[PDB]
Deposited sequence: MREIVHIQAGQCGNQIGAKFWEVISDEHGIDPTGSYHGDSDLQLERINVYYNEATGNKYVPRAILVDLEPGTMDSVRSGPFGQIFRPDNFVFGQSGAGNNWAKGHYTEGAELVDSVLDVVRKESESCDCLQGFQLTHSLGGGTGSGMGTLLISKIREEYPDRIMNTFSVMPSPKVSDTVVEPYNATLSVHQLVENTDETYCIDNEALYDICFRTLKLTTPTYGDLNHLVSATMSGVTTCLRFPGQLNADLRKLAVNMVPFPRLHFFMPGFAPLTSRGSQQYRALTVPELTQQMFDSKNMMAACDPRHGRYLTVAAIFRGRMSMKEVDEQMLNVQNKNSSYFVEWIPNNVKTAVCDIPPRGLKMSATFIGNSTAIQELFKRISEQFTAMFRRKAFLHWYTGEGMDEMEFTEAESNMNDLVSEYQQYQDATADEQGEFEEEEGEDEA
């Protein structure tokens, strides 16, 4: 379990995906040309997990950039680290998906998918020991949601033994691009519940609320939201990218975080929360903030459910004794929010290398039953439209059946009742 293959699909997927590569390239000492100009050997120790080594000791992201519209591909290429990507790894169509899941999954996306699988296959075959895939995409549009979930199912068929990890952006009316977002999201969640091993739920509702309420930004842009996403993505993958503590891989993470196969949707959290242009922060403050509902990247109150499992990762030079004491304090004082039938279900990791700008940080990864609130929110929006068959002709026009909507809604309602089941389950 060494190399991960990254895929970014659609506008959102490519925008957050490019930000991810800019952030971790900075952390690993890689400049926009692909040259290493860092000072620590710890930066290069596990750089093979995300980068391929090329002529002249160059480091090339093992990233595949996908879109049914050429516009975003051009904007990534012109972006800060746009020149770092392998030019052959840009796979794009000419006729978009018109924010339609059916177009991305069944029609326009199905015409492009084999070209993407050819580039996935080329990357995968050059891996000494591929551990799995990591997809960044939104669930509210057509390409990232429709074509992204089509790619997941095709990848599962070709690599059934590899881990499929996603960073899935959930839609919100507070920052919306299209009217049909609830349809696209429900159809996608239906796919993720069956075909992914671990999914990070990045809620635009939560990101907007953090920007508006906490960061006091009257009008948040996608750049403000994406700053929180990139910080979370950097934190959540620290264990994979950096040496020390534990040789972390995607499968070990999944086996320790996922007690039941369908319950693999994680509530990410971050501390401290900062603006694009934003102290000191202590260990007790980092620990308290990281477990606060206001620091969650999914719009769910963790105090409304229970944690099945938790992974907390601290970054920066700090007292390991203090981290251990604060983590124990939290569990002992908030015992009713942790499932008693999974002993030692809160794991902590500490990395010496802090992220850019911060001298101390803490990333939270929670498998909480409260995530059912996110799915219920999408479900309420879905049925408000579906009861009136609003905009349905755009999906049935592509060959879909009304029954396929009924099935996707049913499976999401089942996922919610399964979370409720373990929220009520006590020790016996």
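Participant: How would you list, in order, the spans of the deposited sequence that the model does not cover?
Facilitator: Unmodelled stretches, in sequence order: 279 to 281, 432 to 445.
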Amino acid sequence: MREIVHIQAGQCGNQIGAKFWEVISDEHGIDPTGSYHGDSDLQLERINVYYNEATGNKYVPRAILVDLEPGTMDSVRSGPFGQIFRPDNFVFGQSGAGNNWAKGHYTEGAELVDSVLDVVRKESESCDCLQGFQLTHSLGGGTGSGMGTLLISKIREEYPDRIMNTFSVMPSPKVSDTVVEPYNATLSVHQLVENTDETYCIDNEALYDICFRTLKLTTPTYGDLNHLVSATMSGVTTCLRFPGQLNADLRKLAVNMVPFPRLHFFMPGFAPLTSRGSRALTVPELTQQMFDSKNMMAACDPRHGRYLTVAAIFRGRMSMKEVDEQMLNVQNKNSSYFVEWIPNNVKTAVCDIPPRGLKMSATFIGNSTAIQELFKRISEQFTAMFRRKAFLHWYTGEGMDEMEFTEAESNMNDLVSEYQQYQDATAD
From here on, numbers count along this sequence of modelled residues.
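Participant: Going by the mean C-alpha B-factor recorded in the entry, which is higher: 283 to 291 or 231 to 239?
Facilitator: Comparing averages over the C-alpha atoms only gives 283 to 291.
Participant: Which has the higher mean CA temperature factor in the PDB entry, 120 to 128 or 206 to 214?
Facilitator: Mean C-alpha B-factor is greater for 120 to 128.
Participant: Which one, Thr348, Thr309, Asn165, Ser278, has the peak C-alpha temperature factor per the PDB entry?
Facilitator: Of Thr348, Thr309, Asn165, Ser278, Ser278 has the highest C-alpha B-factor.
Participant: What's the residue among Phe265, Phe260, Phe85, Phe133 with the greatest CA temperature factor in the PDB record?
Facilitator: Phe85 has the highest C-alpha B-factor of those listed.
Participant: Please place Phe90 in the lowest, middle or highest third of its chain by C-alpha B factor as given in the entry.
Facilitator: For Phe90, whose C-alpha B-factor we compare with every modelled residue in the chain, the answer is the highest third.
Participant: Quick check for you: using the entry's CA B-factors within this chain, is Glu69 in the lowest, middle or highest third?
Facilitator: Tercile = highest for this residue's CA B-factor.
Participant: Considering every modelled residue of the chain and its Cα B-factor in the PDB entry, is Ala54 in the lowest, middle or highest third?
Facilitator: Highest third, going by the recorded CA B-factors of the chain.
Participant: Could you tell me which third, lowest, middle or highest, the C-alpha B-factor of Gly38 occupies within its chain?
Facilitator: Highest third, going by the recorded CA B-factors of the chain.
Participant: By the recorded C-alpha temperature factor, relative to the other modelled residues in its chain, which third is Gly98 in?
Facilitator: Its C-alpha B-factor, which the entry lists for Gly98, ranks in the middle third among residues of this chain.
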